[PDB]
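Single-letter residue listing:
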Amino acid sequence: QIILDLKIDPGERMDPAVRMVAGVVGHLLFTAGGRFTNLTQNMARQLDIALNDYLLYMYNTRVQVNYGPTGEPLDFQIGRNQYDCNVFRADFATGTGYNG
Amino acid sequence: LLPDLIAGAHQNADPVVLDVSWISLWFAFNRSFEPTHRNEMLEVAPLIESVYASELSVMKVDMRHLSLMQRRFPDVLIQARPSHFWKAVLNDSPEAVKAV
Amino acid sequence: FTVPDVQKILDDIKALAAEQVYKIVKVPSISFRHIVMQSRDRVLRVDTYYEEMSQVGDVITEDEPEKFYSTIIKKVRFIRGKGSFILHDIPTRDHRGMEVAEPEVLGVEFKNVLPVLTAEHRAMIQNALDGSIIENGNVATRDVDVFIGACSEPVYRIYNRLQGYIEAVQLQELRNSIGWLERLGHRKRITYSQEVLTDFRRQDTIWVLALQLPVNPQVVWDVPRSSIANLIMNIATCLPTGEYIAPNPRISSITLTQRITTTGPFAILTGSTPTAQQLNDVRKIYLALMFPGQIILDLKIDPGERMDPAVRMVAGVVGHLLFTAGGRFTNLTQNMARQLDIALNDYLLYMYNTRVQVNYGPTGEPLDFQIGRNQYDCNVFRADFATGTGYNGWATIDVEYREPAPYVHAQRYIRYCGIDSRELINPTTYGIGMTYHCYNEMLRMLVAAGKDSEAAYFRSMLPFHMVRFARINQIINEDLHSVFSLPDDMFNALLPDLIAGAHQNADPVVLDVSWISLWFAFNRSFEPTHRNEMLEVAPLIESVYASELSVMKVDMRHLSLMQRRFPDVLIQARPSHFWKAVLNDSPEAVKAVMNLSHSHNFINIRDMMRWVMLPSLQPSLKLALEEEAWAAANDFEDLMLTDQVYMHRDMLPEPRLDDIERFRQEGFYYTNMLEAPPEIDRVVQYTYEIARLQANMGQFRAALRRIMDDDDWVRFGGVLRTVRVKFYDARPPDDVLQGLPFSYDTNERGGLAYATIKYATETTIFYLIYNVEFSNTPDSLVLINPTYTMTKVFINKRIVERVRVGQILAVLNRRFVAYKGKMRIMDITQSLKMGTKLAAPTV
Amino acid sequence: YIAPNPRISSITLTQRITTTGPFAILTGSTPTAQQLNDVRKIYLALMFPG
Amino acid sequence: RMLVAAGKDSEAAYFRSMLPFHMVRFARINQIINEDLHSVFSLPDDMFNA
């Protein structure tokens, strides 16, 4: 029965890492699938972008990435075991990528 | 509600939309909720709404009766509008449920 | 940054974005009025719209067609702004168990005929008032009201069109606008908001948008010879500003001053210090690298300056690495390549010793030899744009079409030396172990020349090199994607454009710098620590700009067809006349925007004609309103100008009052309005030439008196005349009654006779009412000599009508839409501008 | 007598960077009385051919 | 075409920009010659062709 949203305004300044960690905590802290909902589509997409960008920006020596066909975020495979991050995208009918 | 929101169907129950900040998610990640005591008015919770229900019951009843004369008598109700008897009953009524 | 004129004009554009043409009222504009005579059952119904146009503008004359165009545009804008209103919070009452409207919201005023009515008429008008109903209809699954009112057709069509526009906005446009905008937010790394769509009233609120969001790229691109203008305004609105930083000096300390006793050219150029001109030149170089093809660098050597050999050989060997100028695009003209190659051929020969055997090539072309123990063929490093060798993009993928782009005419993702623009860069550690072909081969031939120190230097600052191309990669592939970018087929032609030697295409601008400038560019790196602040308003700017362009396009399309419809009044005219007519009636913003382009290169009328036959137009409310307005304004009869005028003697009626009461019950009025044009046998066409010869012979006035004794009609000229409406209660003045539709003067000067004849340009229509007194004789108005009137004008449209008691309400045939007073209306057009930029992580 | 548009020789791109004319050294020049006389003479020879 | 062949480009660009001014100056001089000067004191075609 309650819907959240994300606020922007120029009056505040932050380290960009807040969103980098915020995508992770959002995917680990809300439920957006099953038989109900807690998110709306736009901020779910924003969290998807945040998690993708956290999985992309890295500081050690580089590992190899293979990008997928479409321009949707998380369309790639990564690393030595070739783990597919495409399962982490959010869809309301399916509900992958959250606590539910 | 979930098919309503995912299909855009017109619904009676609006899910209330709120807004938080980005770093607030990470802060809420590092907290826990502990109710060291329970609400006192819980011990008088049920009977309250019973009184609530009773008042609503009463008003619903005379609402119906008002409609009767709209069918019964057109000439003394030349300017009949449902808001007329709605406000007439809603004036002579306890202010509590009206405030609710 | 920007020159202040462009900043001022873009601020003016944003200001011009934020005004409102539509209106929200409670009762629509009143269109019909009733004049009550001494007649108690017949009144004069007059639609006030006709007289309302009749009092606007100045007289039309054939000598000034530009003023004619200005008046036409003014009247069209008058009718356009006349009906731009939306009904909201409409009053009503309730009886017969049904909600009934108000006589005011009917749009018709007849309050001044009630007290002279009778009992039966009051009963009938009461029943007719009770007749009107309001239906609880629906639109887009939202409840609305339907009722019947009265309005003139030209306003009604614009009202219907705006209803269609708002229905289309409420149906599909805003969702796809939001989706498009969010795709830009994803790609451009810019965050937006939807808070205003998410209150607890969102389900029952009517949305309004003034600007359509998705912008057609061809509408900006079709502007002829505006490529330079698009470029300059792109770099004005999208180019950000960072800072320059050098790497650790211990690098250059250990690589080119490992030996202290000896020295090299690089050892002397690494201790150099710049001046302001070199910083400006490095600015120019980075500007060139942020825009391939359109910006090309050239060379200057100042007359007061002298070059140094160390400077030039270092310049060549470093410029082989700082540019990509081959393959499918280019960066530098051929002269640049020739001097860089000459400097290379000098650098590979200054220290030539026994331990290196070099086989000189037979050709006289410079840089033709083989060097090293492998005896590598150094002939590859010729700079030909066909193969692209000698640059950085040689043997490297640069142009690709990965995913469906937001901006449909720009699909590109430009990747220099194989790096990708999707990974965010950690510049302190990124780039230790990435490489490509040309850099490695350059290292191999540097060692093959025996130059150890330069090899160590370049290998040391390989990460520096590639990370500043990484920053440039970011600044090119996320910020600069907009409708101002170079179109794909347009972009494909630059290499044929450069190598062919012709200029059918737009010629890219050129730029010039110095030799040591590229050295001072090499050992610096750019960082975008502060992005430009006008990014979040760009989509709004395009939608307005595209709207104004489409407005002038449709104005050209219809106004170019004026002369064919009216030959006799636009005889001496030119297309330049309506060109200046619309230049006088447009805001200054688009004029300045086309000033930045058309100042450099010339345009002509056929350029505009081909521009306006281009079918590119951008969806907007103003376009819809104007298009249906000009469609409604096609009949110039509604444009209060006509030629159906006649000078004909008729007699005013002078009635017999046998019964005062019966005559008073009926409504008698006079008008010299003509029901139909007369037969062609009773009228003769007169021009200036026949009148001139008539005066010349000396039988001018006598001919007119004779032909009018013949009781005929005269059509003085085919020149249009302004029309004017009057109402009176008494006799009109003699000037308008007995007046002549022409002018004729003759004087004497110096033994000669002079004569001039004019045709009247101002004509009027008027209505006369007869009021009688009870104690009057039946022959009170009877005169021995009836009066002469000599003005007759014909109009198709029934401007004024005498109406009986019941026929007044037959006008009720307009289907009007209403929104409930418990609704609310907002607009979120300026809400397009909101948004924040996600600064990339930086070290 | 009318001078040409100043924007033909150069165009600006930002606050500091701007193109320069190939004949920039000759563009910044102003005639004398004799040079005005010569300009008049050229236009008169132009205006009557032959 | 000659200056393009001569490797000279910026001068060619300046002239290609300059051309319309040149030809409209000559268009106006054509108007002056053919319209303004029609008088008996103009040279007849015999002398002009001789």
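Residues numbered from 1 in each chain as written, not as in the entry; some residues may be left out. Chains lettered and ligands numbered in written order. Part of a larger assembly, values for the part shown. Heavy atoms only, no water.

As stated in the entry header, the method of structure determination is cryo-EM and the reported resolution is 6.5 Å.

Enquirer: Please explain the overall build of chain C as it appears in this structure.
Expert: The number of helices and strands found in chain C is 28 helices and 35 strands. Principal-axis analysis of the C-alpha atoms places the extent of chain C at approximately 140 × 90 × 40 Å. Residue burial in chain C is summarised as follows: out of 843 residues, 50% are buried. The long-range fraction of contacts in chain C, counting pairs at least 24 apart against all pairs at least 6 apart in sequence, stands at 82%. Total accessible area computed for chain C in this model is approximately 42900 Å², and 55% of it derives from carbon and sulfur atoms. (Helix = DSSP H or I, 4+ residues; strand = E, 2+ residues; numbered from the N terminus. Buried < 20%, exposed > 50% of the residue type's maximum accessible area, 1.4 Å probe, protein only. Contact = heavy atoms within 4.5 Å. Areas by Shrake-Rupley, 256 points an atom, 1.4 Å probe, with all protein chains shown as cover.)

Enquirer: So what exactly am I meant to see when it comes to the overall build of chain D here?
Expert: Each helix and strand counted, chain D has two helices and zero strands in total. Over its C-alpha trace chain D gives a radius of gyration of 16 Å, far above what one expects of a compact globule, namely 10 Å for 50 residues. Each of the three principal axes of chain D carries a C-alpha extent, and together these read 50 × 20 × 15 Å. Taking all 50 residues of chain D together, 14% fall into the buried category. (Rg over C-alpha atoms; globule rule 2.2 N^0.38 Å.)

Enquirer: Can you walk me through the pairing of strand β7 (residues 135-138) of chain C in this structure?
Expert: Within a regular strand, side chains alternate between the sheet's two faces. For β7 of chain C and strand β8 (residues 143-149) of chain C, the ladder comprises four bridges, and the chain directions are antiparallel. Bridge assignment links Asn138 of chain C to a residue of β8 of chain C, and that residue is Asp143 of chain C. (Pairing = 2+ DSSP bridges.)

Enquirer: Sorry, what's going on with the environment of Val513 of chain C here?
Expert: Residues and elements named next belong to chain C. By the element assignment, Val513 lies in strand β16 (residues 509-513). We classify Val513 as buried; its relative accessible area is 4%. Considered as a pair, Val513 and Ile285 are 228 residues apart in the sequence and their alpha carbons are 7.8 Å apart.

Enquirer: What's the story with the sheet that holds β7 of chain C in this structure? I'm lost.
Expert: Sheets are built from strands that pair by backbone hydrogen bonding, the pairs being arranged parallel or antiparallel. Residue and element names in this part refer to chain C. Strand order in this open sheet of three strands is β7-β8-β33, and the pairing throughout is antiparallel. With one partner strand each, in any of the chains shown, β7 and β33 (814-818) form the two edges of the open sheet. Geometrically, the sheet is characterised by an average inter-axis angle of 40° between neighbouring strands, direction not taken into account. (Axes fitted to C-alpha atoms, helices over the stretch in contact; angles between N-to-C directions.)

Enquirer: Just checking my understanding: could you explain the arrangement of the chains for this structure?
Expert: Of all six pairs of chains in contact, the one with the most contacts involves chains A and B. One thing to see here is that chain A and chain D don't touch, and their nearest C-alpha atoms sit 27 Å from each other. Regarding chain B and chain E, the two do not touch, and the least distance separating their C-alpha atoms is 55 Å.

Enquirer: How should I be thinking about the sheet that holds strand β2 (residues 32-36) of chain C in this particular structure?
Expert: All names here are of chain C. Taken together, three strands build an open sheet; the order of strands is β2-β3-β32 and the sheet is antiparallel. The sheet is open, and its two borders are formed by β2 and β32 (800-803), each paired with just one other strand. Geometrically, the sheet is characterised by an average inter-axis angle of 30° between neighbouring strands, direction not taken into account. Relative to β32, strand β3 (residues 43-47) is paired through four bridges, and the arrangement is antiparallel. Among the inter-strand pairings, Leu44 is bridged to a residue of β32, identified as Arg802.

Enquirer: I would appreciate a short explanation of the interface of chain B and chain A in the present structure.
Expert: Taken together, the contact between chain B and chain A spans 15 residues of the former and 20 residues of the latter. A buried area of about 1800 Å², summed over both sides, lies between chain B and chain A, and 79% of it is on carbon and sulfur atoms. Looking at the side of chain B facing chain A, the largest losses of area belong to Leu2, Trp22 and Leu25 of chain B, adding up to 41% of the total buried there. Our count for the chain B to chain A interface comes out at zero salt bridges. Inspection of the chain B/chain A interface yields eight residue pairs in polar contact. Of all elements in the fold, only α1 (2-7), β1 (16-17) and α2 (22-29) of chain B reach the threshold of two or more residues within the side of chain B that touches chain A. The greatest single-element share of the side of chain B that touches chain A, amounting to five residues, is contributed by α2 of chain B. Here the residues of the side of chain B that touches chain A are counted per class, giving 13 nonpolar, one polar and one charged. (Buried area = accessible area lost by both parts, 1.4 Å probe. Salt bridge = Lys/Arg side-chain N within 4 Å of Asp/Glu carboxyl O. Polar contact = N/O pair within 3.5 Å; in protein donor to acceptor, adjacent residues only side chain to side chain. Nonpolar A, V, L, I, M, F, W, Y, C, P; charged D, E, K, R; others polar.)

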